[PDB]
>>> print(open('coords.pdb').read())   # PDB, C-alpha atoms
ATOM      1  CA  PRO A   1     -84.130 -71.423 -62.016  1.00  0.00           C
ATOM      2  CA  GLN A   2     -82.260 -73.459 -64.622  1.00  0.00           C
ATOM      3  CA  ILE A   3     -83.248 -77.057 -64.198  1.00  0.00           C
ATOM      4  CA  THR A   4     -80.982 -79.938 -65.156  1.00  0.00           C
ATOM      5  CA  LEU A   5     -82.420 -83.166 -66.469  1.00  0.00           C
ATOM      6  CA  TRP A   6     -80.176 -85.622 -64.708  1.00  0.00           C
ATOM      7  CA  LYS A   7     -82.955 -86.195 -62.181  1.00  0.00           C
ATOM      8  CA  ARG A   8     -86.697 -86.203 -62.702  1.00  0.00           C
ATOM      9  CA  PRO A   9     -87.651 -82.457 -62.614  1.00  0.00           C
ATOM     10  CA  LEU A  10     -89.756 -82.861 -59.483  1.00  0.00           C
ATOM     11  CA  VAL A  11     -90.514 -79.554 -57.868  1.00  0.00           C
ATOM     12  CA  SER A  12     -92.467 -78.261 -54.924  1.00  0.00           C
ATOM     13  CA  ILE A  13     -95.732 -76.501 -55.885  1.00  0.00           C
ATOM     14  CA  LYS A  14     -98.213 -74.250 -54.070  1.00  0.00           C
ATOM     15  CA  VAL A  15    -101.749 -74.810 -55.323  1.00  0.00           C
ATOM     16  CA  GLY A  16    -105.055 -74.345 -53.461  1.00  0.00           C
ATOM     17  CA  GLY A  17    -103.576 -73.941 -49.979  1.00  0.00           C
ATOM     18  CA  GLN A  18    -101.692 -77.184 -50.258  1.00  0.00           C
ATOM     19  CA  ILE A  19     -98.060 -77.763 -50.967  1.00  0.00           C
ATOM     20  CA  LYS A  20     -97.692 -80.791 -53.278  1.00  0.00           C
ATOM     21  CA  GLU A  21     -94.894 -82.252 -55.383  1.00  0.00           C
ATOM     22  CA  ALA A  22     -95.227 -82.247 -59.173  1.00  0.00           C
ATOM     23  CA  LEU A  23     -93.304 -83.011 -62.334  1.00  0.00           C
ATOM     24  CA  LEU A  24     -92.276 -80.445 -64.959  1.00  0.00           C
ATOM     25  CA  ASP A  25     -93.401 -82.360 -68.029  1.00  0.00           C
ATOM     26  CA  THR A  26     -93.019 -80.841 -71.495  1.00  0.00           C
ATOM     27  CA  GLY A  27     -94.485 -84.018 -72.974  1.00  0.00           C
ATOM     28  CA  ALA A  28     -97.863 -83.208 -71.320  1.00  0.00           C
ATOM     29  CA  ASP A  29    -100.307 -80.796 -72.926  1.00  0.00           C
ATOM     30  CA  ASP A  30    -102.348 -80.198 -69.732  1.00  0.00           C
ATOM     31  CA  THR A  31    -101.882 -79.960 -65.906  1.00  0.00           C
ATOM     32  CA  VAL A  32    -103.176 -82.829 -63.807  1.00  0.00           C
ATOM     33  CA  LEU A  33    -102.954 -83.039 -60.028  1.00  0.00           C
ATOM     34  CA  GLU A  34    -104.141 -85.708 -57.611  1.00  0.00           C
ATOM     35  CA  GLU A  35    -107.213 -84.983 -55.567  1.00  0.00           C
ATOM     36  CA  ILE A  36    -107.205 -81.427 -54.239  1.00  0.00           C
ATOM     37  CA  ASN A  37    -109.867 -78.960 -53.105  1.00  0.00           C
ATOM     38  CA  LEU A  38    -109.865 -76.125 -55.551  1.00  0.00           C
ATOM     39  CA  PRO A  39    -112.209 -73.120 -55.749  1.00  0.00           C
ATOM     40  CA  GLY A  40    -114.783 -72.663 -58.481  1.00  0.00           C
ATOM     41  CA  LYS A  41    -117.010 -74.562 -60.868  1.00  0.00           C
ATOM     42  CA  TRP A  42    -115.427 -77.344 -62.736  1.00  0.00           C
ATOM     43  CA  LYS A  43    -116.400 -78.988 -65.990  1.00  0.00           C
ATOM     44  CA  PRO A  44    -115.968 -82.709 -66.611  1.00  0.00           C
ATOM     45  CA  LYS A  45    -113.233 -83.510 -69.150  1.00  0.00           C
ATOM     46  CA  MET A  46    -111.842 -86.683 -70.797  1.00  0.00           C
ATOM     47  CA  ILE A  47    -108.092 -87.056 -70.908  1.00  0.00           C
ATOM     48  CA  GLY A  48    -105.909 -89.959 -71.888  1.00  0.00           C
ATOM     49  CA  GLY A  49    -106.921 -91.472 -75.200  1.00  0.00           C
ATOM     50  CA  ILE A  50    -104.189 -94.109 -75.250  1.00  0.00           C
ATOM     51  CA  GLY A  51    -105.287 -97.403 -73.637  1.00  0.00           C
ATOM     52  CA  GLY A  52    -108.508 -95.686 -72.444  1.00  0.00           C
ATOM     53  CA  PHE A  53    -109.792 -92.344 -71.102  1.00  0.00           C
ATOM     54  CA  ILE A  54    -109.657 -90.946 -67.553  1.00  0.00           C
ATOM     55  CA  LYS A  55    -112.435 -88.633 -66.378  1.00  0.00           C
ATOM     56  CA  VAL A  56    -111.036 -85.569 -64.588  1.00  0.00           C
ATOM     57  CA  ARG A  57    -112.361 -82.283 -63.244  1.00  0.00           C
ATOM     58  CA  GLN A  58    -111.392 -79.235 -65.237  1.00  0.00           C
ATOM     59  CA  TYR A  59    -111.009 -76.094 -63.164  1.00  0.00           C
ATOM     60  CA  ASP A  60    -110.108 -72.807 -64.707  1.00  0.00           C
ATOM     61  CA  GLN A  61    -107.758 -69.974 -63.865  1.00  0.00           C
ATOM     62  CA  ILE A  62    -106.223 -71.656 -60.879  1.00  0.00           C
ATOM     63  CA  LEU A  63    -103.024 -70.247 -59.421  1.00  0.00           C
ATOM     64  CA  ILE A  64    -100.034 -72.416 -58.664  1.00  0.00           C
ATOM     65  CA  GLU A  65     -96.647 -71.162 -57.596  1.00  0.00           C
ATOM     66  CA  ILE A  66     -93.380 -72.854 -58.434  1.00  0.00           C
ATOM     67  CA  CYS A  67     -89.886 -71.888 -57.264  1.00  0.00           C
ATOM     68  CA  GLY A  68     -91.016 -68.334 -56.556  1.00  0.00           C
ATOM     69  CA  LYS A  69     -92.895 -67.754 -59.761  1.00  0.00           C
ATOM     70  CA  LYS A  70     -96.750 -67.594 -59.973  1.00  0.00           C
ATOM     71  CA  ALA A  71     -98.951 -68.945 -62.785  1.00  0.00           C
ATOM     72  CA  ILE A  72    -102.673 -68.819 -63.626  1.00  0.00           C
ATOM     73  CA  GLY A  73    -104.001 -71.778 -65.612  1.00  0.00           C
ATOM     74  CA  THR A  74    -106.455 -74.602 -66.163  1.00  0.00           C
ATOM     75  CA  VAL A  75    -105.947 -77.450 -63.749  1.00  0.00           C
ATOM     76  CA  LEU A  76    -107.601 -80.820 -64.032  1.00  0.00           C
ATOM     77  CA  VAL A  77    -108.105 -82.857 -60.861  1.00  0.00           C
ATOM     78  CA  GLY A  78    -108.318 -86.659 -60.895  1.00  0.00           C
ATOM     79  CA  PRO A  79    -106.396 -89.917 -60.091  1.00  0.00           C
ATOM     80  CA  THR A  80    -102.892 -89.416 -61.476  1.00  0.00           C
ATOM     81  CA  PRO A  81     -99.778 -91.579 -60.626  1.00  0.00           C
ATOM     82  CA  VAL A  82     -97.722 -88.401 -60.318  1.00  0.00           C
ATOM     83  CA  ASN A  83     -98.683 -84.706 -60.447  1.00  0.00           C
ATOM     84  CA  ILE A  84     -98.038 -83.200 -63.842  1.00  0.00           C
ATOM     85  CA  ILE A  85     -97.226 -79.603 -64.642  1.00  0.00           C
ATOM     86  CA  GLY A  86     -97.705 -79.713 -68.417  1.00  0.00           C
ATOM     87  CA  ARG A  87     -97.286 -77.067 -71.053  1.00  0.00           C
ATOM     88  CA  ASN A  88    -100.381 -74.957 -70.351  1.00  0.00           C
ATOM     89  CA  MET A  89     -98.647 -74.077 -67.094  1.00  0.00           C
ATOM     90  CA  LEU A  90     -95.120 -74.346 -68.275  1.00  0.00           C
ATOM     91  CA  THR A  91     -95.718 -71.470 -70.718  1.00  0.00           C
ATOM     92  CA  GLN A  92     -97.266 -69.422 -67.880  1.00  0.00           C
ATOM     93  CA  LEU A  93     -94.106 -69.721 -65.749  1.00  0.00           C
ATOM     94  CA  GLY A  94     -92.129 -68.344 -68.696  1.00  0.00           C
ATOM     95  CA  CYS A  95     -90.579 -71.757 -69.080  1.00  0.00           C
ATOM     96  CA  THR A  96     -88.396 -72.771 -71.951  1.00  0.00           C
ATOM     97  CA  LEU A  97     -86.328 -75.784 -72.916  1.00  0.00           C
ATOM     98  CA  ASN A  98     -82.816 -74.686 -73.836  1.00  0.00           C
ATOM     99  CA  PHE A  99     -79.723 -76.262 -75.457  1.00  0.00           C
TER
ATOM    100  CA  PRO B   1     -82.187 -73.092 -79.428  1.00  0.00           C
ATOM    101  CA  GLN B   2     -84.615 -71.787 -76.814  1.00  0.00           C
ATOM    102  CA  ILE B   3     -87.833 -73.691 -77.180  1.00  0.00           C
ATOM    103  CA  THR B   4     -91.197 -72.247 -76.207  1.00  0.00           C
ATOM    104  CA  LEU B   5     -93.921 -74.464 -74.837  1.00  0.00           C
ATOM    105  CA  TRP B   6     -96.898 -72.967 -76.587  1.00  0.00           C
ATOM    106  CA  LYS B   7     -96.747 -75.831 -79.078  1.00  0.00           C
ATOM    107  CA  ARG B   8     -95.767 -79.437 -78.519  1.00  0.00           C
ATOM    108  CA  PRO B   9     -91.903 -79.376 -78.647  1.00  0.00           C
ATOM    109  CA  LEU B  10     -91.772 -81.555 -81.751  1.00  0.00           C
ATOM    110  CA  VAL B  11     -88.399 -81.440 -83.402  1.00  0.00           C
ATOM    111  CA  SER B  12     -86.669 -83.024 -86.343  1.00  0.00           C
ATOM    112  CA  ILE B  13     -84.104 -85.700 -85.372  1.00  0.00           C
ATOM    113  CA  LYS B  14     -81.299 -87.529 -87.192  1.00  0.00           C
ATOM    114  CA  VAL B  15     -80.898 -91.070 -85.896  1.00  0.00           C
ATOM    115  CA  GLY B  16     -79.600 -94.163 -87.730  1.00  0.00           C
ATOM    116  CA  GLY B  17     -79.635 -92.676 -91.232  1.00  0.00           C
ATOM    117  CA  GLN B  18     -83.255 -91.706 -90.929  1.00  0.00           C
ATOM    118  CA  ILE B  19     -84.761 -88.343 -90.249  1.00  0.00           C
ATOM    119  CA  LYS B  20     -87.755 -88.752 -87.902  1.00  0.00           C
ATOM    120  CA  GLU B  21     -89.878 -86.407 -85.806  1.00  0.00           C
ATOM    121  CA  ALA B  22     -89.747 -86.677 -82.014  1.00  0.00           C
ATOM    122  CA  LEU B  23     -90.957 -84.980 -78.862  1.00  0.00           C
ATOM    123  CA  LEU B  24     -88.724 -83.280 -76.283  1.00  0.00           C
ATOM    124  CA  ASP B  25     -90.245 -84.826 -73.176  1.00  0.00           C
ATOM    125  CA  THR B  26     -88.844 -84.013 -69.734  1.00  0.00           C
ATOM    126  CA  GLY B  27     -91.509 -86.242 -68.199  1.00  0.00           C
ATOM    127  CA  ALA B  28     -89.859 -89.310 -69.828  1.00  0.00           C
ATOM    128  CA  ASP B  29     -86.873 -91.015 -68.230  1.00  0.00           C
ATOM    129  CA  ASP B  30     -85.793 -92.870 -71.410  1.00  0.00           C
ATOM    130  CA  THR B  31     -85.725 -92.408 -75.244  1.00  0.00           C
ATOM    131  CA  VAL B  32     -88.175 -94.438 -77.291  1.00  0.00           C
ATOM    132  CA  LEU B  33     -88.474 -94.329 -81.069  1.00  0.00           C
ATOM    133  CA  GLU B  34     -90.762 -96.206 -83.438  1.00  0.00           C
ATOM    134  CA  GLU B  35     -89.277 -99.008 -85.460  1.00  0.00           C
ATOM    135  CA  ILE B  36     -85.862 -98.085 -86.836  1.00  0.00           C
ATOM    136  CA  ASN B  37     -82.794-100.021 -87.975  1.00  0.00           C
ATOM    137  CA  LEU B  38     -80.034 -99.242 -85.567  1.00  0.00           C
ATOM    138  CA  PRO B  39     -76.518-100.714 -85.385  1.00  0.00           C
ATOM    139  CA  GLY B  40     -75.373-103.041 -82.634  1.00  0.00           C
ATOM    140  CA  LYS B  41     -76.596-105.657 -80.199  1.00  0.00           C
ATOM    141  CA  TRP B  42     -79.677-104.834 -78.311  1.00  0.00           C
ATOM    142  CA  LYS B  43     -80.975-106.161 -75.025  1.00  0.00           C
ATOM    143  CA  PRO B  44     -84.672-106.711 -74.359  1.00  0.00           C
ATOM    144  CA  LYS B  45     -86.137-104.249 -71.837  1.00  0.00           C
ATOM    145  CA  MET B  46     -89.547-103.717 -70.163  1.00  0.00           C
ATOM    146  CA  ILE B  47     -90.891-100.195 -70.085  1.00  0.00           C
ATOM    147  CA  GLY B  48     -94.254 -98.838 -69.088  1.00  0.00           C
ATOM    148  CA  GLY B  49     -95.415-100.167 -65.746  1.00  0.00           C
ATOM    149  CA  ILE B  50     -98.676 -98.222 -65.690  1.00  0.00           C
ATOM    150  CA  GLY B  51    -101.583-100.167 -67.246  1.00  0.00           C
ATOM    151  CA  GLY B  52     -99.092-102.841 -68.430  1.00  0.00           C
ATOM    152  CA  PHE B  53     -95.544-103.220 -69.803  1.00  0.00           C
ATOM    153  CA  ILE B  54     -94.267-102.771 -73.372  1.00  0.00           C
ATOM    154  CA  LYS B  55     -91.318-104.859 -74.549  1.00  0.00           C
ATOM    155  CA  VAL B  56     -88.747-102.730 -76.393  1.00  0.00           C
ATOM    156  CA  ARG B  57     -85.243-103.164 -77.768  1.00  0.00           C
ATOM    157  CA  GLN B  58     -82.536-101.403 -75.826  1.00  0.00           C
ATOM    158  CA  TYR B  59     -79.627-100.238 -77.944  1.00  0.00           C
ATOM    159  CA  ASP B  60     -76.675 -98.485 -76.455  1.00  0.00           C
ATOM    160  CA  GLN B  61     -74.568 -95.486 -77.358  1.00  0.00           C
ATOM    161  CA  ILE B  62     -76.624 -94.486 -80.337  1.00  0.00           C
ATOM    162  CA  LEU B  63     -76.119 -91.048 -81.846  1.00  0.00           C
ATOM    163  CA  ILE B  64     -79.004 -88.743 -82.604  1.00  0.00           C
ATOM    164  CA  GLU B  65     -78.695 -85.160 -83.723  1.00  0.00           C
ATOM    165  CA  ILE B  66     -81.176 -82.441 -82.896  1.00  0.00           C
ATOM    166  CA  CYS B  67     -81.173 -78.831 -84.115  1.00  0.00           C
ATOM    167  CA  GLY B  68     -77.454 -78.998 -84.858  1.00  0.00           C
ATOM    168  CA  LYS B  69     -76.369 -80.617 -81.643  1.00  0.00           C
ATOM    169  CA  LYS B  70     -75.201 -84.292 -81.393  1.00  0.00           C
ATOM    170  CA  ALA B  71     -75.897 -86.732 -78.541  1.00  0.00           C
ATOM    171  CA  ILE B  72     -74.790 -90.279 -77.664  1.00  0.00           C
ATOM    172  CA  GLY B  73     -77.277 -92.311 -75.625  1.00  0.00           C
ATOM    173  CA  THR B  74     -79.352 -95.412 -75.011  1.00  0.00           C
ATOM    174  CA  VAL B  75     -82.258 -95.701 -77.392  1.00  0.00           C
ATOM    175  CA  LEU B  76     -85.073 -98.177 -77.048  1.00  0.00           C
ATOM    176  CA  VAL B  77     -86.938 -99.240 -80.186  1.00  0.00           C
ATOM    177  CA  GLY B  78     -90.550-100.443 -80.099  1.00  0.00           C
ATOM    178  CA  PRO B  79     -94.206 -99.454 -80.880  1.00  0.00           C
ATOM    179  CA  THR B  80     -94.629 -95.923 -79.537  1.00  0.00           C
ATOM    180  CA  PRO B  81     -97.542 -93.498 -80.390  1.00  0.00           C
ATOM    181  CA  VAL B  82     -95.018 -90.684 -80.761  1.00  0.00           C
ATOM    182  CA  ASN B  83     -91.199 -90.640 -80.671  1.00  0.00           C
ATOM    183  CA  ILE B  84     -89.881 -89.577 -77.303  1.00  0.00           C
ATOM    184  CA  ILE B  85     -86.615 -87.840 -76.560  1.00  0.00           C
ATOM    185  CA  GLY B  86     -86.558 -88.280 -72.779  1.00  0.00           C
ATOM    186  CA  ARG B  87     -84.087 -87.147 -70.183  1.00  0.00           C
ATOM    187  CA  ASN B  88     -81.246 -89.588 -70.881  1.00  0.00           C
ATOM    188  CA  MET B  89     -80.885 -87.728 -74.168  1.00  0.00           C
ATOM    189  CA  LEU B  90     -82.059 -84.380 -73.019  1.00  0.00           C
ATOM    190  CA  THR B  91     -79.101 -84.169 -70.609  1.00  0.00           C
ATOM    191  CA  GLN B  92     -76.748 -85.163 -73.457  1.00  0.00           C
ATOM    192  CA  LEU B  93     -77.888 -82.222 -75.616  1.00  0.00           C
ATOM    193  CA  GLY B  94     -77.048 -79.913 -72.709  1.00  0.00           C
ATOM    194  CA  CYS B  95     -80.744 -79.308 -72.295  1.00  0.00           C
ATOM    195  CA  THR B  96     -82.267 -77.429 -69.433  1.00  0.00           C
ATOM    196  CA  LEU B  97     -85.707 -76.211 -68.449  1.00  0.00           C
ATOM    197  CA  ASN B  98     -85.560 -72.523 -67.580  1.00  0.00           C
ATOM    198  CA  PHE B  99     -87.876 -69.930 -65.969  1.00  0.00           C
TER
END
>>> encode(input="coords.pdb", output="C-alpha cells")
Amino acid sequence: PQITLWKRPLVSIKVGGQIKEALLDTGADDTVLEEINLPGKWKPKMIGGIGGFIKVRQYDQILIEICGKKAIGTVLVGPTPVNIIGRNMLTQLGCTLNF
Amino acid sequence: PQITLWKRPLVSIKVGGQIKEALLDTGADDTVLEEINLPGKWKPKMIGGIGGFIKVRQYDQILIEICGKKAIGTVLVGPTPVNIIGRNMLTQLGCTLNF
C-alpha cells in the first residue's frame, strides 16, 4: 500500500493470534505493543529515556502481519498509550518514506 | 527521494534562514523545532499530554524546504529533544509511507 499522512497511519496488525491496531511510526526506533501473550523467552529492556524509563519485555523474532505483508522482528511488550510499529519492523515490511 | 528506515530518517531542513537537522516522524501529528526566529505572530499552544504538557509557540504558514521540495505549514517552536517534521508537513511534501 501507499499510505497518505493526512490521518494518523493507524493500521490493523496480526501479532500472536490477536488482531490489534498500531501506528506506523518512523520516529520510533523499536516496536512496542500493549500487553499481549507472545511465544518465547523475553529479556527485560529499558526504553524511554526522556522524562524517565519504562521497563518492557523484549521478545525476539516475532511475526506480525500488516496489510498482507509479513515481518519478523523484535517486539517489546509493556504499557504503551498506543501500539507502535517502529523502524525495526518498518524496514522488515519493505517500508519507505517517499516524496 | 525514497527514504529507507534502517537509520533514523534525519534530514537537513531549511526553515527561517537557518539550516537545521530534523526527523521525518509519521508518529507525530505536528511539527516542532527547537528555538528558531520565525516571522509572524504566534499563538501559544499546549502539546504533549502524556506525562505533562509543553508550552510551545504556534506559527502559521511557515516554509521549510527538505531535499529540494518546499512546504508551507504550521510550525511550533519550543524546547524539543530533536526536531520533528510531523504529518502536517509530511503531507505538504507529498510524502507517503510505502510497502
>>> residues_near_point(input="coords.pdb", point="(-98.7, -76.9, -70.0)", cutoff="8 Å", atoms="only C-alpha atoms", output="list in words")
residues 25, 26, 28, 29, 30, 31, 85, 86, 87, 88, 89, 90, 91 and 92 of chain A; 5 and 6 of chain B
>>> residues_around(input="coords.pdb", residues="residue 66 of chain B", least_positions_apart="3", cutoff="12 Å", atoms="all atoms listed in the file", output="number ranges by chain")
A: 99; B: 1, 9-15, 19-24, 63, 69-72, 85, 89-90, 92-95
>>> residues_around(input="coords.pdb", residues="residue 44 of chain B", least_positions_apart="2", cutoff="9 Å", atoms="all atoms listed in the file", output="compact mmCIF listing (two decimals) with C-alpha atoms, keeping the file's coordinate frame")
# COMPACT_ATOMS: atom_id res chain seq x y z
CA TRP B 42 -79.68 -104.83 -78.31
CA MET B 46 -89.55 -103.72 -70.16
CA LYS B 55 -91.32 -104.86 -74.55
CA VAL B 56 -88.75 -102.73 -76.39
CA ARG B 57 -85.24 -103.16 -77.77
CA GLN B 58 -82.54 -101.40 -75.83
CA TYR B 59 -79.63 -100.24 -77.94
CA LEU B 76 -85.07 -98.18 -77.05
>>> atom_distance(input="coords.pdb", atom1="atom CA of residue 38 of chain A", atom2="atom CA of residue 50 of chain B")
26.8 Å
>>> atom_distance(input="coords.pdb", atom1="atom CA of residue 4 of chain B", atom2="atom CA of residue 74 of chain B")
26.0 Å
>>> closest_residue(input="coords.pdb", among="A:78, A:83, A:97, A:67", to="residue 8 of chain B", atoms="all atoms listed in the file")
A:97
>>> residues_near_point(input="coords.pdb", point="(-106.1, -87.5, -55.0)", cutoff="7 Å", atoms="only C-alpha atoms", output="CSV table (one decimal) with C-alpha atoms, keeping the file's coordinate frame")
chain,number,residue,atom,x,y,z
A,34,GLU,CA,-104.1,-85.7,-57.6
A,35,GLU,CA,-107.2,-85.0,-55.6
A,36,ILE,CA,-107.2,-81.4,-54.2
A,78,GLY,CA,-108.3,-86.7,-60.9
A,79,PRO,CA,-106.4,-89.9,-60.1
>>> atom_distance(input="coords.pdb", atom1="atom CA of residue 17 of chain B", atom2="atom CA of residue 62 of chain B")
11.4 Å
>>> closest_residue(input="coords.pdb", among="A:7, A:18, A:96, A:47", to="chain B", atoms="all atoms listed in the file")
A:96
>>> closest_residue(input="coords.pdb", among="B:81, B:39, B:52, B:27", to="chain A", atoms="all atoms listed in the file")
B:27
>>> closest_residue(input="coords.pdb", among="B:73, B:40, B:16, B:68", to="chain A", atoms="all atoms listed in the file")
B:68
>>> decode(input="coords.pdb", residues="segment 9-27 of chain B", atoms="N, CA, C and O atoms", output="PDB file, in the first residue's frame")
ATOM      1  N   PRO B   9      15.379   8.530  10.069  1.00  0.00           N
ATOM      2  CA  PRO B   9      15.236   9.426   8.905  1.00  0.00           C
ATOM      3  C   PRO B   9      15.542  10.881   9.226  1.00  0.00           C
ATOM      4  O   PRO B   9      14.651  11.722   9.228  1.00  0.00           O
ATOM      5  N   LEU B  10      16.803  11.162   9.514  1.00  0.00           N
ATOM      6  CA  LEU B  10      17.218  12.513   9.874  1.00  0.00           C
ATOM      7  C   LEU B  10      17.634  13.205   8.613  1.00  0.00           C
ATOM      8  O   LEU B  10      18.498  12.735   7.886  1.00  0.00           O
ATOM      9  N   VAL B  11      16.993  14.324   8.335  1.00  0.00           N
ATOM     10  CA  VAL B  11      17.271  15.066   7.118  1.00  0.00           C
ATOM     11  C   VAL B  11      17.652  16.497   7.450  1.00  0.00           C
ATOM     12  O   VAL B  11      17.310  17.028   8.525  1.00  0.00           O
ATOM     13  N   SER B  12      18.367  17.105   6.509  1.00  0.00           N
ATOM     14  CA  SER B  12      18.622  18.529   6.539  1.00  0.00           C
ATOM     15  C   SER B  12      17.406  19.365   6.041  1.00  0.00           C
ATOM     16  O   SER B  12      16.807  19.089   4.969  1.00  0.00           O
ATOM     17  N   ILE B  13      17.069  20.384   6.839  1.00  0.00           N
ATOM     18  CA  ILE B  13      15.938  21.263   6.575  1.00  0.00           C
ATOM     19  C   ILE B  13      16.300  22.744   6.558  1.00  0.00           C
ATOM     20  O   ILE B  13      17.131  23.198   7.339  1.00  0.00           O
ATOM     21  N   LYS B  14      15.663  23.472   5.646  1.00  0.00           N
ATOM     22  CA  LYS B  14      15.805  24.921   5.514  1.00  0.00           C
ATOM     23  C   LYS B  14      14.525  25.577   5.970  1.00  0.00           C
ATOM     24  O   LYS B  14      13.502  25.479   5.314  1.00  0.00           O
ATOM     25  N   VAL B  15      14.607  26.236   7.115  1.00  0.00           N
ATOM     26  CA  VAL B  15      13.488  26.919   7.755  1.00  0.00           C
ATOM     27  C   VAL B  15      14.011  28.215   8.344  1.00  0.00           C
ATOM     28  O   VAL B  15      15.009  28.190   9.053  1.00  0.00           O
ATOM     29  N   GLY B  16      13.359  29.334   8.018  1.00  0.00           N
ATOM     30  CA  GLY B  16      13.625  30.635   8.643  1.00  0.00           C
ATOM     31  C   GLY B  16      15.049  31.149   8.553  1.00  0.00           C
ATOM     32  O   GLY B  16      15.528  31.802   9.472  1.00  0.00           O
ATOM     33  N   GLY B  17      15.731  30.832   7.456  1.00  0.00           N
ATOM     34  CA  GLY B  17      17.089  31.324   7.229  1.00  0.00           C
ATOM     35  C   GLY B  17      18.184  30.516   7.899  1.00  0.00           C
ATOM     36  O   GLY B  17      19.375  30.832   7.789  1.00  0.00           O
ATOM     37  N   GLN B  18      17.759  29.481   8.601  1.00  0.00           N
ATOM     38  CA  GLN B  18      18.618  28.559   9.269  1.00  0.00           C
ATOM     39  C   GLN B  18      18.572  27.283   8.491  1.00  0.00           C
ATOM     40  O   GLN B  18      17.589  27.005   7.801  1.00  0.00           O
ATOM     41  N   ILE B  19      19.640  26.503   8.621  1.00  0.00           N
ATOM     42  CA  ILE B  19      19.640  25.115   8.206  1.00  0.00           C
ATOM     43  C   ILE B  19      19.793  24.274   9.461  1.00  0.00           C
ATOM     44  O   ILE B  19      20.810  24.373  10.119  1.00  0.00           O
ATOM     45  N   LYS B  20      18.767  23.483   9.792  1.00  0.00           N
ATOM     46  CA  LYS B  20      18.745  22.624  10.970  1.00  0.00           C
ATOM     47  C   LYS B  20      18.672  21.168  10.539  1.00  0.00           C
ATOM     48  O   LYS B  20      18.599  20.867   9.350  1.00  0.00           O
ATOM     49  N   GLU B  21      18.693  20.262  11.509  1.00  0.00           N
ATOM     50  CA  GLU B  21      18.507  18.845  11.220  1.00  0.00           C
ATOM     51  C   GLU B  21      17.283  18.295  11.957  1.00  0.00           C
ATOM     52  O   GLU B  21      17.144  18.520  13.164  1.00  0.00           O
ATOM     53  N   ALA B  22      16.414  17.573  11.248  1.00  0.00           N
ATOM     54  CA  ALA B  22      15.108  17.234  11.786  1.00  0.00           C
ATOM     55  C   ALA B  22      14.653  15.873  11.381  1.00  0.00           C
ATOM     56  O   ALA B  22      15.033  15.399  10.330  1.00  0.00           O
ATOM     57  N   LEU B  23      13.788  15.256  12.175  1.00  0.00           N
ATOM     58  CA  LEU B  23      13.392  13.870  11.935  1.00  0.00           C
ATOM     59  C   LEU B  23      12.060  13.785  11.228  1.00  0.00           C
ATOM     60  O   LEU B  23      11.093  14.445  11.636  1.00  0.00           O
ATOM     61  N   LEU B  24      11.998  12.967  10.173  1.00  0.00           N
ATOM     62  CA  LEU B  24      10.738  12.644   9.490  1.00  0.00           C
ATOM     63  C   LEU B  24       9.966  11.642  10.321  1.00  0.00           C
ATOM     64  O   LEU B  24      10.298  10.453  10.340  1.00  0.00           O
ATOM     65  N   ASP B  25       8.931  12.124  10.998  1.00  0.00           N
ATOM     66  CA  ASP B  25       8.243  11.351  12.033  1.00  0.00           C
ATOM     67  C   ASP B  25       6.751  11.178  11.783  1.00  0.00           C
ATOM     68  O   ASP B  25       5.966  12.055  12.108  1.00  0.00           O
ATOM     69  N   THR B  26       6.343  10.043  11.243  1.00  0.00           N
ATOM     70  CA  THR B  26       4.934   9.858  10.899  1.00  0.00           C
ATOM     71  C   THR B  26       4.055   9.660  12.146  1.00  0.00           C
ATOM     72  O   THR B  26       2.803   9.791  12.094  1.00  0.00           O
ATOM     73  N   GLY B  27       4.721   9.379  13.268  1.00  0.00           N
ATOM     74  CA  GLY B  27       4.070   9.187  14.537  1.00  0.00           C
ATOM     75  C   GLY B  27       3.613  10.493  15.160  1.00  0.00           C
ATOM     76  O   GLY B  27       2.779  10.471  16.069  1.00  0.00           O
TER      77      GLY B  27
END
